[PDB]
Amino acid sequence: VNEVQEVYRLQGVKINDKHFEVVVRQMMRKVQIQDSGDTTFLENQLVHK
Amino acid sequence: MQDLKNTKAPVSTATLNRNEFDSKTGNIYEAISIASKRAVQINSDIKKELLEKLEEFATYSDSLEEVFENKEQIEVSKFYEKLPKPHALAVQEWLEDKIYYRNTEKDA
Amino acid sequence: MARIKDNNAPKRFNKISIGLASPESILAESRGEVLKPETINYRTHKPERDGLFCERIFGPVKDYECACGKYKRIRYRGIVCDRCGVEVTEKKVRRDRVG
Amino acid sequence: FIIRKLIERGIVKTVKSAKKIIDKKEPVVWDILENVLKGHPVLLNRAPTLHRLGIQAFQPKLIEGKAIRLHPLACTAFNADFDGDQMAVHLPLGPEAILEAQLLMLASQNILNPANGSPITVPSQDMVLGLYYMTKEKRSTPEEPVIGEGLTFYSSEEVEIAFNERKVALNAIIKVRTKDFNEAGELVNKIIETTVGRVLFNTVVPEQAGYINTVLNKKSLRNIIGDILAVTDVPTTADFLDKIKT
Amino acid sequence: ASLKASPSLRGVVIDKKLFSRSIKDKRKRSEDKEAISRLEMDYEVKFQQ
Amino acid sequence: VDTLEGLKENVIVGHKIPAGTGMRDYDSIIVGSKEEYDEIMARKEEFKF
Amino acid sequence: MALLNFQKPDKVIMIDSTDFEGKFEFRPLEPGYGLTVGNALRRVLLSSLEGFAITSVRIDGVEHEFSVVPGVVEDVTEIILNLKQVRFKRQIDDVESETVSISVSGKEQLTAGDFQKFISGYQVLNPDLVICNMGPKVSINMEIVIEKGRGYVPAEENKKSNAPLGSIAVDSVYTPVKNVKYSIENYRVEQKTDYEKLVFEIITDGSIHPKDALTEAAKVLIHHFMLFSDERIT
Amino acid sequence: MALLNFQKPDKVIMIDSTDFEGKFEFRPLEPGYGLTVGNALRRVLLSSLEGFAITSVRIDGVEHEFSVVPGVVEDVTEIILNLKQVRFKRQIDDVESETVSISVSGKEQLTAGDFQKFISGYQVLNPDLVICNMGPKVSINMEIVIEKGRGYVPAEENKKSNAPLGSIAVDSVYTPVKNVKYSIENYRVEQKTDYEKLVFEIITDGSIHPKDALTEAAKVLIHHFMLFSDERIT
Amino acid sequence: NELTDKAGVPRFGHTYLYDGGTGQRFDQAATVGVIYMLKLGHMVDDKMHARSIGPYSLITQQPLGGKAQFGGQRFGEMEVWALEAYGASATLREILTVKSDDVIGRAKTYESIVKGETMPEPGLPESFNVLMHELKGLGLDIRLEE
Amino acid sequence: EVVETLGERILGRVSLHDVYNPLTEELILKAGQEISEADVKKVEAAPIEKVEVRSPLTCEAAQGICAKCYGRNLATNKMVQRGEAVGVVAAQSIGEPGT
Ligand SMILES: [Mg+2]
Ligand SMILES: [Zn+2]
């Protein structure tokens with residue numbers, strides 16, 4: 001959030017942090033599997049949390 | 001049918017305060033839904049009333065190409081033209097707490 | 001006059017399912033088999049028999065008129081023909097019939 | 001809609017005759033259309049539509065010519081200048097669509113930028129220059145005297161009377177008794193040293209925002225509009241915007 | 001199959017042109033042969049001048 | 001199997017988007033005049049008594 | 001004959017009117033005439049019209065403007081500002097300059113109407129205007145001067161040699177007209193959405209009615225324009 | 001009675017005036033009234049005065065405006081643009097329109113003054129205007145329609161549904177007043193050095209003498225301002 | 001400067017002007033002169049275009065595009081994004097179905113506006129059926145289920 | 001140097017915990033209550049430097065976000081209401097100044 005906001009702040013653009021927070025939340029909805037276990041999930045699988 | 005000769009709804013568009021409009025429901029989208037449904041009902045009622053008024057001045061002229069100037073029909077149509085539109089009447093009804101609404105799913 | 005009020009309201013749906021299509025389903029939904037690589041005859045500029053534009057498979061081109069022009073107008077809905085086998089219906093069925 | 005009114009009036013009984021009458025451009029068409037327009041806003045759109053303010057509902061009026069007349073204060077929302085730009089007009093049909101246009105899309109409702117919350121319908125260019133010129137102070141010097149400097153007025157009424165009679169200059173420094181906040185936040189009458197132009201600007205500022213005693217630039221105007229919207233509601237802010245534009 | 005003005009065209013007709021292929025008839029063919037002979041004679045007259 | 005939950009699917013299919021005025025719980029709202037409802041229920045109560 | 005194709009207005013419509021404010025309507029006007037009529041009427045009405053005001057106030061126990069009057073909450077400046085709002089109407093004809101000596105005691109609030117018993121040649125239109133707030137056992141004595149003037153005259157231009165010693169010069173709003181405004185909207189006649197519609201607003205202190213102000217301004221303009229007649233040019 | 005102290009001006013004084021240019025004086029004037037009187041008169045003079053102009057033209061051998069007359073140097077668009085500048089004045093009372101047939105041959109130039117022979121109810125004020133350039137053996141048989149109006153009427157509003165073949169509706173400019181200038185000078189009456197003098201300079205095209213243009217403008221203003229009387233307010 | 005002094009014109013063209021509607025001189029002097037002005041070929045006559053109903057496409061059953069074709073304006077992706085952001089389900093629905101390609105719906109809506117009745121219930125757009133037929137022509141079994 | 005004030009960054013959000021003034025001990029910020037301008041003024045006049053607010057990054061709604069999780073609708077300067085397509089607004093707000 002801070003790094004993306006810095007680019008806009010360097011040129012006098014005011015955007016609330018809520019928008020970047022929503023996008024970043026949409027950027028972190030998945031997890032990477034590393035142990036298959038007894039579930040139907042498989043290895044190296046990006047699955048929704 | 002409400003008194004259409006003494007309505008306080010604006011004839012044209014106005015800047016309505018949203019806080020007053022959505023105070024009763026807590027959601028302006030819900031208020032718009034309710035007002036639009038009431039506007040449909042009001043439009044149906046107004047159409048029925050206008051058809052009843054126009055059936056009186058039903059001058060039985062079989063000719064179709066010629067344009068007929070019936071003054072009474074024009075006067076009635078003019079009266080109903082300058083009235084606030086059905087959505088405006090529904091908005092005025094909603095702001096005056098004269099709309100009854102309920103949710104069938106929530107009440108079941 | 002006004003358009004004919006088709007009372008066949010669209011069937012409401014909530015889902016779309018996708019999958020591999022079997023040959024049996026393709027044959028079952030089809031109205032015929034395209035047998036010729038022709039589209040329109042070069043001498044008459046009319047859809048060819050058993051071609052890609054065939055009126056036997058994909059529907060009539062004219063509204064409420066068959067190919068041979070023997071059955072005409074709304075009185076003859078659903079009668080295909082004795083001669084050209086082209087159903088007398090709305091030409092809009094050329095957007096829904098497959099081969 | 002014109003066809004519906006034509007059939008209702010008894011002028012015609014079929015759609016084709018109504019279309020022919022409309023295409024003939026008769027006075028009855030304009031008489032019908034004046035009332036048909038009312039309560040039926042149109043969505044104006046300028047491409048590219050970067051944010052939701054690129055589509056805005058406006059209540060239309062019949063004008064001469066072939067060009068759409070657009071409010072200047074909406075230009076900043078549309079990124080629209082008048083060097084050859086074109087706009088598209090879409091007509092909502094259903095009552096719910098018209099209600100959405102009137103209560104969610106109306107330009108008088110789109111005062112704040114959804115990106116940051118600060119006002120977007122702020123005066124610009126000629127409007128800001130005129131407000132700045134009216135609210136800037138001028139000090140009297142022996143070479144160029146300023147009429148009516150140092151005069152005390154009982155209200156904005158007397159300032160208006162003196163200005164209308166050409167007895168005090170627009171940029172003269174005067175003292176006026178008006179309502180302003182105290183240290184506790186209550187509105188009390190006090191004598192403020194201000195300018196005539198500031199008094200005239202404050203005759204349209206809502207009394208709940210106090211008294212504004214600053215030279216009006218774009219930043220100050222944006223802050224003032226935000227404050228007025230904070231204390232008052234949207235309609236009052238819209239009327240204030242229109243008045244200060246004028 | 002007529003050409004109709006769109007509801008934006010307002011103007012004045014300033015010129016009209018019709019270009020046609022001469023109909024090939026038998027009598028027209030004999031007339032064309034006589035005319036081409038006369039034109040050939042006139043053009044040899046011009047040649048000689 | 002797509003259940004048509006987002007905005008894009010309902011835009012493509014032509015259904016009301018699940019946002020703004022198109023939320024699914026606004027399709028079950030019955031509206032009417034308050035005076036008419038009051039009169040109807042008063043008549044019902046009078047008939048019941 | 002001269003005005004045959006002209007789209008003349010019908011007459012003046014008095015939409016709303018009180019003794020203080022009044023709004024009038026002129027329609028339909030040909031293009032460019034709303035501005036002419038509105039500007040002419042506003043200029044005539046915003047000229048230095050005749051009226052009466054207070055020109056000098058002399059309060060006993062006070063010698064300069066920035067002084068404290070015993071028992072009165074407001075200073076001399078606030079008293080002068082309040083006195084500037086007293087509106088007068090002529091009652092006895094041919095009355096120009098009047099000096100009024102006023103002594104008020106036993107009241108919690110000195111108002112304009114309390115001067116009425118001491119004022120002879122004029123009548124106070126707003127007797128409920130709070131001139132000052134005084135204490136319980138406070139007696140106020142003041143001499144005011146009511147004169148006749150034109151428009152707004154500041155203190156410097158309003159000093160008179162006949163004023164009593166110790167008086168303070170006061171700005172005077174002689175004019176009866178408080179404010180004049182006009183707007184020109186578009187009026188539709190047949191297929192023309194470009195006709196004009198003049199809306200006039202007059203706010204007056206109450207001495208003259210807004211309709212009377214409009215009629216008098218129109219009369220002045222008519223008298224001025226009648227001199228451009230054929231018989232009145234040499 | 002409050003308006004009686006106004007300084008009423010004497011009359012309008014004609015200093016110099018030919019049939020085209022005129023200079024007038026309005027004196028004495030109250031401070032600020034020269035501006036309103038002058039601006040109102042200027043607006044009315046420039047906007048709403050009647051004059052005569054050509055509304056339609058038909059040239060033999062010419063089907064539409066975008067054509068050419070054989071032997072004439074100018075096209076028909078240029079001929080129409082020159083005919084727009086032909087100014088007319090009344091010569092006989094009670095004439096509202098006139099169709100003039102003109103036949104000119106044998107002259108190297110067709111000018112406006114050539115139309116006076118065929119015109120009975122009007123006078124051409126600018127006979128030296130060159131309508132077109134022609135050869136010595138080129139004959140023009142044309143027909144113009146001179147009408148009456150105010151302001152500028154485009155060709156679309158001069159199109160007659162009963163006009164003969166070849167008739168071209170021509171943009172009409174009717175305004176007789178070309179320039180209005182006014183100045184405000186200081187005028188001294190007795191001991192007062194603050195009165196005003198309004199100096200007017202009017203340039204017209206010759207159809208109306210400047211004095212009568214001033215009288216007509218005053219009449220229009222007076223007719224508009226009479227509607228503000230008490231009897232015409234509801 | 002020399003030429004303006006020779007022509008009786010104030011230097012830099014700085015002249016005091018008078019308002020035509022009021023007559024008062026402007027407070028400050030303004031730059032006045034003669035400028036060479038051109039008229040470009042972008043005329044409002046060629047740009048204005050209005051359509052209620054007109055020709056549609058025979059493939060997509062959507063309004064054509066262009067003044068010569070009497071077409072309709074394009075409500076693209078960004079306009080739909082703006083409509084969604086506002087929350088206008090109804091306006092977006094009318095734009096998607098009844099104004100573009102609901103073949104029965106648009107005729108019924110025209111009739112309902114002329115007759116004053118209630119608006120018709122929109123149906124499936126025809127472009128969706130074109131998409132479904134293309135998918136079936138690609139050998140995919142697309143099924144709409146309730 | 002302070003570029004963005006804490007008051008400009010906590011305005012419109014939702015206070016996660018009951019925040020008391022460390023000096024005078026009053027409940028300045030209430031849990032679940034939107035930070036209005038009055039709360040901003042109170043905090044700026046109090047010795048508070050870090051405020052824990054609810055953010056979309058840390059809302060546990062099954063589908064989307066909800067009103068308290070998000071905060072204030074910047075288009076209306078009121079609490080965000082149910083049904084708002086805050087994602088499209090966020091994307092448009094970020095992308096508009098990209099040019
Ligand atoms: Mg541009
Ligand atoms: Zn057949």
# chains A, B, ... in the order shown; residues from 1 in each chain; ligands from 1
>>> residues_near_ligand(ligand="ligand 2", cutoff="10 Å", atoms="only C-alpha atoms and all ligand atoms", output="PyMOL selection string")
chain C and resi 60+65-72+79-88
>>> write_last_selection(atoms="N, CA and C atoms", output="compact mmCIF listing (two decimals), in the first residue's frame")
# COMPACT_ATOMS: atom_id res chain seq x y z
N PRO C 60 -36.34 -21.41 -43.38
CA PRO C 60 -36.68 -20.60 -44.55
C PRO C 60 -36.01 -19.24 -44.51
N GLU C 65 -42.91 -18.16 -45.86
CA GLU C 65 -42.88 -18.62 -47.24
C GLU C 65 -41.85 -19.73 -47.36
N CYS C 66 -42.18 -20.74 -48.15
CA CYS C 66 -41.30 -21.87 -48.38
C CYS C 66 -40.40 -21.60 -49.59
N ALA C 67 -39.55 -22.57 -49.91
CA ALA C 67 -38.58 -22.39 -50.98
C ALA C 67 -39.26 -22.37 -52.35
N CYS C 68 -40.18 -23.31 -52.58
CA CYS C 68 -40.83 -23.42 -53.88
C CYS C 68 -41.97 -22.41 -54.01
N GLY C 69 -42.30 -21.74 -52.91
CA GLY C 69 -43.32 -20.71 -52.92
C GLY C 69 -44.73 -21.20 -53.15
N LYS C 70 -45.04 -22.42 -52.70
CA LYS C 70 -46.38 -22.96 -52.86
C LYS C 70 -47.26 -22.67 -51.65
N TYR C 71 -46.74 -22.85 -50.44
CA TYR C 71 -47.45 -22.49 -49.22
C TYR C 71 -46.97 -21.12 -48.77
N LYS C 72 -47.91 -20.23 -48.47
CA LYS C 72 -47.58 -18.86 -48.12
C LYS C 72 -48.52 -18.35 -47.04
N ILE C 79 -46.23 -26.52 -41.81
CA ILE C 79 -46.29 -27.40 -42.97
C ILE C 79 -45.00 -27.24 -43.75
N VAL C 80 -44.22 -28.31 -43.87
CA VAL C 80 -42.91 -28.15 -44.49
C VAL C 80 -43.05 -28.04 -46.01
N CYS C 81 -43.43 -29.12 -46.69
CA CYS C 81 -43.84 -29.13 -48.09
C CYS C 81 -44.05 -30.56 -48.53
N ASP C 82 -44.63 -30.72 -49.70
CA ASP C 82 -44.53 -31.97 -50.42
C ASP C 82 -43.38 -31.97 -51.42
N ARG C 83 -42.84 -30.81 -51.77
CA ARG C 83 -41.88 -30.73 -52.86
C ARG C 83 -40.48 -30.30 -52.41
N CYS C 84 -40.36 -29.14 -51.75
CA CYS C 84 -39.05 -28.64 -51.36
C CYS C 84 -38.74 -28.86 -49.89
N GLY C 85 -39.67 -29.42 -49.12
CA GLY C 85 -39.39 -29.80 -47.75
C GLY C 85 -38.87 -28.69 -46.87
N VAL C 86 -39.28 -27.45 -47.11
CA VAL C 86 -38.78 -26.29 -46.38
C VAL C 86 -39.90 -25.76 -45.51
N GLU C 87 -39.70 -25.80 -44.20
CA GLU C 87 -40.77 -25.45 -43.26
C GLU C 87 -41.22 -24.01 -43.45
N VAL C 88 -42.53 -23.80 -43.33
CA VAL C 88 -43.13 -22.48 -43.45
C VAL C 88 -43.23 -21.91 -42.04
>>> interface_residues(of="chain F", to="chain I", cutoff="8 Å", atoms="only C-alpha atoms", output="list in words")
residues 7, 11, 12, 13, 14, 15, 16, 17, 18, 19, 20, 21 and 22 of chain F
>>> calpha_fit_rmsd(fixed="chain G", moving="chain H")
2.5 Å
>>> interface_residues(of="chain J", to="chain I", cutoff="9 Å", atoms="only C-alpha atoms", output="list in words")
residues 83, 84, 85, 86, 87, 88, 89 and 92 of chain J
>>> write_last_selection(atoms="C-alpha atoms", output="tab-separated table (two decimals), in the first residue's frame")
chain	number	residue	atom	x	y	z
J	83	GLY	CA	-24.67	-3.02	-1.93
J	84	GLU	CA	-21.94	-0.52	-2.80
J	85	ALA	CA	-19.59	-1.79	-5.51
J	86	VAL	CA	-16.56	-0.47	-3.65
J	87	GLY	CA	-14.16	-2.55	-5.75
J	88	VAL	CA	-15.02	-0.86	-9.04
J	89	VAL	CA	-14.88	2.55	-7.34
J	92	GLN	CA	-11.43	3.61	-11.05
>>> atom_distance(atom1="atom CA of residue D:206", atom2="atom CA of residue D:159")
17.9 Å
>>> residues_near_ligand(ligand="ligand 1", cutoff="7 Å", atoms="only C-alpha atoms and all ligand atoms", output="list in words")
residues 80, 81, 82, 83, 84 and 85 of chain D
>>> interface_residues(of="chain D", to="chain A", cutoff="12 Å", atoms="only C-alpha atoms", output="VMD selection string")
chain D and resid 113 to 119
>>> write_last_selection(atoms="C-alpha atoms", output="PDB file, in the first residue's frame")
ATOM      1  CA  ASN D 113     -14.508  12.894  -5.477  1.00  0.00           C
ATOM      2  CA  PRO D 114     -14.857   9.213  -4.479  1.00  0.00           C
ATOM      3  CA  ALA D 115     -11.062   8.894  -4.643  1.00  0.00           C
ATOM      4  CA  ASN D 116     -10.311  11.162  -1.669  1.00  0.00           C
ATOM      5  CA  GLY D 117     -13.535  12.777  -0.404  1.00  0.00           C
ATOM      6  CA  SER D 118     -12.521  16.315  -1.365  1.00  0.00           C
ATOM      7  CA  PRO D 119     -14.875  18.345  -3.579  1.00  0.00           C
TER       8      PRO D 119
END
